[PDB]
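Enquirer: Got a structure for you, upload-v5.pdb, holding PDB, N, CA and C atoms.
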ATOM      1  N   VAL A   1       5.261   5.281 -10.319  1.00  0.00           N
ATOM      2  CA  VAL A   1       4.169   4.483  -9.680  1.00  0.00           C
ATOM      3  C   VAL A   1       4.342   4.548  -8.158  1.00  0.00           C
ATOM      4  N   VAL A   2       3.286   4.197  -7.478  1.00  0.00           N
ATOM      5  CA  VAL A   2       3.279   4.206  -5.985  1.00  0.00           C
ATOM      6  C   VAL A   2       4.159   3.064  -5.456  1.00  0.00           C
ATOM      7  N   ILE A   3       5.144   3.397  -4.648  1.00  0.00           N
ATOM      8  CA  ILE A   3       6.028   2.335  -4.089  1.00  0.00           C
ATOM      9  C   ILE A   3       6.117   2.361  -2.559  1.00  0.00           C
ATOM     10  N   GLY A   4       6.523   1.214  -2.070  1.00  0.00           N
ATOM     11  CA  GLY A   4       6.686   0.972  -0.629  1.00  0.00           C
ATOM     12  C   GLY A   4       8.034   1.426  -0.089  1.00  0.00           C
ATOM     13  N   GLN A   5       8.414   2.598  -0.530  1.00  0.00           N
ATOM     14  CA  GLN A   5       9.687   3.211  -0.112  1.00  0.00           C
ATOM     15  C   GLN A   5       9.138   4.258   0.820  1.00  0.00           C
ATOM     16  N   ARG A   6       8.987   3.828   2.053  1.00  0.00           N
ATOM     17  CA  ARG A   6       8.444   4.700   3.137  1.00  0.00           C
ATOM     18  C   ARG A   6       8.939   6.145   3.059  1.00  0.00           C
ATOM     19  N   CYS A   7       8.065   7.024   3.473  1.00  0.00           N
ATOM     20  CA  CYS A   7       8.379   8.482   3.462  1.00  0.00           C
ATOM     21  C   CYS A   7       8.515   9.173   4.823  1.00  0.00           C
ATOM     22  N   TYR A   8       9.171  10.304   4.731  1.00  0.00           N
ATOM     23  CA  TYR A   8       9.453  11.206   5.882  1.00  0.00           C
ATOM     24  C   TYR A   8       8.835  12.540   5.443  1.00  0.00           C
ATOM     25  N   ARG A   9       9.347  12.990   4.325  1.00  0.00           N
ATOM     26  CA  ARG A   9       8.907  14.277   3.695  1.00  0.00           C
ATOM     27  C   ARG A   9       8.269  14.001   2.330  1.00  0.00           C
ATOM     28  N   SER A  10       7.582  14.999   1.830  1.00  0.00           N
ATOM     29  CA  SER A  10       6.887  14.909   0.500  1.00  0.00           C
ATOM     30  C   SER A  10       7.645  14.057  -0.532  1.00  0.00           C
ATOM     31  N   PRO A  11       8.869  14.416  -0.864  1.00  0.00           N
ATOM     32  CA  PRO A  11       9.699  13.610  -1.792  1.00  0.00           C
ATOM     33  C   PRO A  11       9.985  12.203  -1.245  1.00  0.00           C
ATOM     34  N   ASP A  12      11.034  12.090  -0.454  1.00  0.00           N
ATOM     35  CA  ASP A  12      11.509  10.812   0.185  1.00  0.00           C
ATOM     36  C   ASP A  12      11.236   9.636  -0.774  1.00  0.00           C
ATOM     37  N   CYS A  13      11.432  10.007  -2.010  1.00  0.00           N
ATOM     38  CA  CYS A  13      11.249   9.106  -3.178  1.00  0.00           C
ATOM     39  C   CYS A  13      11.786   9.743  -4.472  1.00  0.00           C
ATOM     40  N   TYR A  14      11.797  11.060  -4.533  1.00  0.00           N
ATOM     41  CA  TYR A  14      12.293  11.819  -5.728  1.00  0.00           C
ATOM     42  C   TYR A  14      13.519  11.161  -6.361  1.00  0.00           C
ATOM     43  N   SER A  15      14.526  10.962  -5.559  1.00  0.00           N
ATOM     44  CA  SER A  15      15.779  10.331  -6.047  1.00  0.00           C
ATOM     45  C   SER A  15      15.455   9.028  -6.803  1.00  0.00           C
ATOM     46  N   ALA A  16      14.691   8.187  -6.150  1.00  0.00           N
ATOM     47  CA  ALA A  16      14.283   6.871  -6.739  1.00  0.00           C
ATOM     48  C   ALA A  16      13.541   7.056  -8.054  1.00  0.00           C
ATOM     49  N   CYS A  17      12.605   7.957  -8.004  1.00  0.00           N
ATOM     50  CA  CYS A  17      11.747   8.301  -9.143  1.00  0.00           C
ATOM     51  C   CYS A  17      12.624   8.767 -10.288  1.00  0.00           C
ATOM     52  N   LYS A  18      13.639   9.514  -9.953  1.00  0.00           N
ATOM     53  CA  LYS A  18      14.555  10.012 -10.997  1.00  0.00           C
ATOM     54  C   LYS A  18      15.246   8.796 -11.611  1.00  0.00           C
ATOM     55  N   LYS A  19      15.816   7.976 -10.764  1.00  0.00           N
ATOM     56  CA  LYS A  19      16.513   6.767 -11.322  1.00  0.00           C
ATOM     57  C   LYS A  19      15.536   5.704 -11.872  1.00  0.00           C
ATOM     58  N   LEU A  20      14.257   5.863 -11.601  1.00  0.00           N
ATOM     59  CA  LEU A  20      13.232   4.881 -12.100  1.00  0.00           C
ATOM     60  C   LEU A  20      12.641   5.320 -13.455  1.00  0.00           C
ATOM     61  N   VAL A  21      12.199   6.554 -13.544  1.00  0.00           N
ATOM     62  CA  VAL A  21      11.603   7.079 -14.816  1.00  0.00           C
ATOM     63  C   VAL A  21      12.484   8.185 -15.412  1.00  0.00           C
ATOM     64  N   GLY A  22      13.141   8.943 -14.566  1.00  0.00           N
ATOM     65  CA  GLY A  22      14.025  10.039 -15.049  1.00  0.00           C
ATOM     66  C   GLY A  22      13.912  11.371 -14.302  1.00  0.00           C
ATOM     67  N   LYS A  23      12.830  11.598 -13.596  1.00  0.00           N
ATOM     68  CA  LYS A  23      12.680  12.881 -12.857  1.00  0.00           C
ATOM     69  C   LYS A  23      12.318  12.724 -11.374  1.00  0.00           C
ATOM     70  N   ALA A  24      12.751  13.705 -10.616  1.00  0.00           N
ATOM     71  CA  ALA A  24      12.511  13.779  -9.141  1.00  0.00           C
ATOM     72  C   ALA A  24      11.032  14.113  -8.852  1.00  0.00           C
ATOM     73  N   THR A  25      10.166  13.170  -9.109  1.00  0.00           N
ATOM     74  CA  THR A  25       8.697  13.382  -8.877  1.00  0.00           C
ATOM     75  C   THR A  25       8.104  12.342  -7.926  1.00  0.00           C
ATOM     76  N   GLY A  26       6.847  12.563  -7.660  1.00  0.00           N
ATOM     77  CA  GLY A  26       6.048  11.682  -6.757  1.00  0.00           C
ATOM     78  C   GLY A  26       5.926  12.314  -5.375  1.00  0.00           C
ATOM     79  N   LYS A  27       4.956  11.879  -4.615  1.00  0.00           N
ATOM     80  CA  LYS A  27       4.782  12.453  -3.247  1.00  0.00           C
ATOM     81  C   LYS A  27       4.646  11.383  -2.170  1.00  0.00           C
ATOM     82  N   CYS A  28       4.460  11.904  -0.985  1.00  0.00           N
ATOM     83  CA  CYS A  28       4.298  11.088   0.248  1.00  0.00           C
ATOM     84  C   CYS A  28       2.816  10.802   0.425  1.00  0.00           C
ATOM     85  N   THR A  29       2.538   9.555   0.199  1.00  0.00           N
ATOM     86  CA  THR A  29       1.142   9.025   0.305  1.00  0.00           C
ATOM     87  C   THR A  29       1.083   7.825   1.240  1.00  0.00           C
ATOM     88  N   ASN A  30       0.304   8.006   2.268  1.00  0.00           N
ATOM     89  CA  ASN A  30       0.098   6.981   3.316  1.00  0.00           C
ATOM     90  C   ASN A  30       1.476   6.478   3.808  1.00  0.00           C
ATOM     91  N   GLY A  31       2.350   7.439   3.995  1.00  0.00           N
ATOM     92  CA  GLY A  31       3.722   7.172   4.466  1.00  0.00           C
ATOM     93  C   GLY A  31       4.515   6.254   3.521  1.00  0.00           C
ATOM     94  N   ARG A  32       4.067   6.190   2.309  1.00  0.00           N
ATOM     95  CA  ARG A  32       4.696   5.355   1.233  1.00  0.00           C
ATOM     96  C   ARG A  32       4.818   6.235  -0.002  1.00  0.00           C
ATOM     97  N   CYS A  33       5.670   5.841  -0.908  1.00  0.00           N
ATOM     98  CA  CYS A  33       5.829   6.668  -2.141  1.00  0.00           C
ATOM     99  C   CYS A  33       4.659   6.563  -3.111  1.00  0.00           C
ATOM    100  N   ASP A  34       4.332   7.671  -3.711  1.00  0.00           N
ATOM    101  CA  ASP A  34       3.229   7.726  -4.712  1.00  0.00           C
ATOM    102  C   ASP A  34       3.898   8.402  -5.920  1.00  0.00           C
ATOM    103  N   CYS A  35       4.549   7.623  -6.757  1.00  0.00           N
ATOM    104  CA  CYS A  35       5.234   8.224  -7.951  1.00  0.00           C
ATOM    105  C   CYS A  35       4.482   7.896  -9.256  1.00  0.00           C
TER     106      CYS A  35
END
Can I see the file as structure tokens?

Expert:
Amino acid sequence: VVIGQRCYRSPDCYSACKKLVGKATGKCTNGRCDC
């Protein structure tokens, strides 16, 4: 899901996404995570 874990690069959430659902997914949306 989209989270307020601010981004730098496209991922800048992958790690979280992996530990949240299981895989390094999601992108950089409005400088916030879109997983």

Enquirer: Just so the selection is clear, what residues does the PyMOL selection byres (((chain A and resi 24 and name CA) around 8) and name CA) cover here, as an MDAnalysis selection string?

Expert: chainID A and resid 11 13:18 22:23 25:26

Enquirer: Within 6.5 Å of residue 32 in chain A, counting all atoms listed in the file, which residues qualify if same-chain residues fewer than 5 places away don't, as a count of residues only?

Expert: 7

Enquirer: Among chain A, which residues does DSSP mark as helix (DSSP H, G or I) when it is run on the backbone? Keep the chain and numbering as in the structure and answer as a list in words.

Expert: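 Result set for chain A (helix (DSSP H, G or I)): residues 14, 15, 16, 17, 18, 19 and 20 of chain A.
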
Enquirer: Can you tell me, as a CSV table (one decimal) with N, CA and C atoms, keeping the file's coordinate frame, which residues in chain A count as strand (DSSP E) by DSSP?

Expert:
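See result_11.csv below for the written result:
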chain,number,residue,atom,x,y,z
A,2,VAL,N,3.3,4.2,-7.5
A,2,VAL,CA,3.3,4.2,-6.0
A,2,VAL,C,4.2,3.1,-5.5
A,3,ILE,N,5.1,3.4,-4.6
A,3,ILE,CA,6.0,2.3,-4.1
A,3,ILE,C,6.1,2.4,-2.6
A,27,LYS,N,5.0,11.9,-4.6
A,27,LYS,CA,4.8,12.5,-3.2
A,27,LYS,C,4.6,11.4,-2.2
A,28,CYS,N,4.5,11.9,-1.0
A,28,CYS,CA,4.3,11.1,0.2
A,28,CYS,C,2.8,10.8,0.4
A,29,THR,N,2.5,9.6,0.2
A,29,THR,CA,1.1,9.0,0.3
A,29,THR,C,1.1,7.8,1.2
A,32,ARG,N,4.1,6.2,2.3
A,32,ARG,CA,4.7,5.4,1.2
A,32,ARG,C,4.8,6.2,0.0
A,33,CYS,N,5.7,5.8,-0.9
A,33,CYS,CA,5.8,6.7,-2.1
A,33,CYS,C,4.7,6.6,-3.1
A,34,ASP,N,4.3,7.7,-3.7
A,34,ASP,CA,3.2,7.7,-4.7
A,34,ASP,C,3.9,8.4,-5.9

Enquirer: Edge lengths and centre, in Å to one decimal, as lines of an AutoDock Vina configuration file: that's what I need for the box along x, y and z that holds all listed atoms of range 11-28 of chain A plus 6 Å on each side.

Expert:
center_x = 9.7
center_y = 9.6
center_z = -7.5
size_x = 25.7
size_y = 21.5
size_z = 27.8

Enquirer: Do you have the atom N of residue 21 in chain A-atom C of residue 9 in chain A distance handy?

Expert: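 Atom C of residue 9 in chain A lies at a distance of 18.0 Å from atom N of residue 21 in chain A.
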
Enquirer: Generate the missing atoms of range 4-23 of chain A up to N, CA, C and O atoms and report them as an mmCIF file, keeping the file's coordinate frame.

Expert:
data_model
loop_
_atom_site.group_PDB
_atom_site.id
_atom_site.type_symbol
_atom_site.label_atom_id
_atom_site.label_comp_id
_atom_site.auth_asym_id
_atom_site.auth_seq_id
_atom_site.Cartn_x
_atom_site.Cartn_y
_atom_site.Cartn_z
ATOM 1 N N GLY A 4 6.523 1.214 -2.070
ATOM 2 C CA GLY A 4 6.686 0.972 -0.629
ATOM 3 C C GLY A 4 8.034 1.426 -0.089
ATOM 4 O O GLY A 4 8.660 0.732 0.671
ATOM 5 N N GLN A 5 8.414 2.598 -0.530
ATOM 6 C CA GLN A 5 9.687 3.211 -0.112
ATOM 7 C C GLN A 5 9.138 4.258 0.820
ATOM 8 O O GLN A 5 8.864 5.375 0.423
ATOM 9 N N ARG A 6 8.987 3.828 2.053
ATOM 10 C CA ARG A 6 8.444 4.700 3.137
ATOM 11 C C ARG A 6 8.939 6.145 3.059
ATOM 12 O O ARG A 6 10.051 6.409 2.648
ATOM 13 N N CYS A 7 8.065 7.024 3.473
ATOM 14 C CA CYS A 7 8.379 8.482 3.462
ATOM 15 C C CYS A 7 8.515 9.173 4.823
ATOM 16 O O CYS A 7 8.055 8.700 5.843
ATOM 17 N N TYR A 8 9.171 10.304 4.731
ATOM 18 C CA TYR A 8 9.453 11.206 5.882
ATOM 19 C C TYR A 8 8.835 12.540 5.443
ATOM 20 O O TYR A 8 7.965 13.088 6.092
ATOM 21 N N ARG A 9 9.347 12.990 4.325
ATOM 22 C CA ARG A 9 8.907 14.277 3.695
ATOM 23 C C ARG A 9 8.269 14.001 2.330
ATOM 24 O O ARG A 9 8.418 12.923 1.788
ATOM 25 N N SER A 10 7.582 14.999 1.830
ATOM 26 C CA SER A 10 6.887 14.909 0.500
ATOM 27 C C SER A 10 7.645 14.057 -0.532
ATOM 28 O O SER A 10 7.094 13.084 -1.008
ATOM 29 N N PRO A 11 8.869 14.416 -0.864
ATOM 30 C CA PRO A 11 9.699 13.610 -1.792
ATOM 31 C C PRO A 11 9.985 12.203 -1.245
ATOM 32 O O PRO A 11 9.241 11.292 -1.549
ATOM 33 N N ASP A 12 11.034 12.090 -0.454
ATOM 34 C CA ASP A 12 11.509 10.812 0.185
ATOM 35 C C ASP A 12 11.236 9.636 -0.774
ATOM 36 O O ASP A 12 10.887 8.527 -0.416
ATOM 37 N N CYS A 13 11.432 10.007 -2.010
ATOM 38 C CA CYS A 13 11.249 9.106 -3.178
ATOM 39 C C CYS A 13 11.786 9.743 -4.472
ATOM 40 O O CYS A 13 12.168 9.024 -5.370
ATOM 41 N N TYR A 14 11.797 11.060 -4.533
ATOM 42 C CA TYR A 14 12.293 11.819 -5.728
ATOM 43 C C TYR A 14 13.519 11.161 -6.361
ATOM 44 O O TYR A 14 13.513 10.871 -7.538
ATOM 45 N N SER A 15 14.526 10.962 -5.559
ATOM 46 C CA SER A 15 15.779 10.331 -6.047
ATOM 47 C C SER A 15 15.455 9.028 -6.803
ATOM 48 O O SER A 15 15.892 8.829 -7.919
ATOM 49 N N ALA A 16 14.691 8.187 -6.150
ATOM 50 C CA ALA A 16 14.283 6.871 -6.739
ATOM 51 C C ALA A 16 13.541 7.056 -8.054
ATOM 52 O O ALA A 16 13.808 6.421 -9.056
ATOM 53 N N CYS A 17 12.605 7.957 -8.004
ATOM 54 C CA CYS A 17 11.747 8.301 -9.143
ATOM 55 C C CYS A 17 12.624 8.767 -10.288
ATOM 56 O O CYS A 17 12.375 8.449 -11.430
ATOM 57 N N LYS A 18 13.639 9.514 -9.953
ATOM 58 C CA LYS A 18 14.555 10.012 -10.997
ATOM 59 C C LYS A 18 15.246 8.796 -11.611
ATOM 60 O O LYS A 18 15.245 8.633 -12.815
ATOM 61 N N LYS A 19 15.816 7.976 -10.764
ATOM 62 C CA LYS A 19 16.513 6.767 -11.322
ATOM 63 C C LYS A 19 15.536 5.704 -11.872
ATOM 64 O O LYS A 19 15.968 4.775 -12.525
ATOM 65 N N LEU A 20 14.257 5.863 -11.601
ATOM 66 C CA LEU A 20 13.232 4.881 -12.100
ATOM 67 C C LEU A 20 12.641 5.320 -13.455
ATOM 68 O O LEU A 20 12.607 4.527 -14.376
ATOM 69 N N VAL A 21 12.199 6.554 -13.544
ATOM 70 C CA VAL A 21 11.603 7.079 -14.816
ATOM 71 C C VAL A 21 12.484 8.185 -15.412
ATOM 72 O O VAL A 21 12.541 8.318 -16.620
ATOM 73 N N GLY A 22 13.141 8.943 -14.566
ATOM 74 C CA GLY A 22 14.025 10.039 -15.049
ATOM 75 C C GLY A 22 13.912 11.371 -14.302
ATOM 76 O O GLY A 22 14.826 12.169 -14.397
ATOM 77 N N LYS A 23 12.830 11.598 -13.596
ATOM 78 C CA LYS A 23 12.680 12.881 -12.857
ATOM 79 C C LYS A 23 12.318 12.724 -11.374
ATOM 80 O O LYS A 23 11.689 11.762 -10.978
#
